[PDB]
DNA sequence: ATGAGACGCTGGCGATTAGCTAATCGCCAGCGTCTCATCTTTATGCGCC
């Protein structure tokens, strides 16, 4: 039992995220609901995870000694 | 076997008399700490269907 709301407010972390999530999810639901009430071909999203190099990633995480 | 019907300075002043939002800008915003624990999550480091 998780409604279209609630489940978002059942997530882990800070409430700063819950607002944004509720916004984007309701936007997506409306987007599919407008364009013929049928699911689109693809949905592309942007992720904050980028690929750093080995040298820099080991240089910043090099234990102090 | 006669005695009613016919009605004004106002407009254009002053001069009281009375009364009201709005546009511009500036100021200035309760805050101080610690303890205690609690969980996460991240950077790096190790494995083949």
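Quick look at the values:
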{"quantity": "Candidate set from the stretch A:1-57 (those that are in contact (Cβ under 8 Å) with a residue 12 or more places away in the chain and assigned to a loop (DSSP other than H, G, I, E, B)); member that is nearest to the chain's Cα centre (by Cα)", "calculated": "A:43"}
{"quantity": "Flag for residue A:13 being out of contact with any strand residue (DSSP E or B) (no Cβ under 8 Å at 6 or more places or on another chain) and within 16 Å of DNA strand B (Cβ to nearest atom)", "calculated": "yes"}
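Note: ideal-geometry Cβ built from the backbone for every residue, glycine included; neighbour counts use all protein chains shown. Every read-out reported here was derived from the displayed coordinates using simple, explicitly stated rules and does not represent laboratory data.
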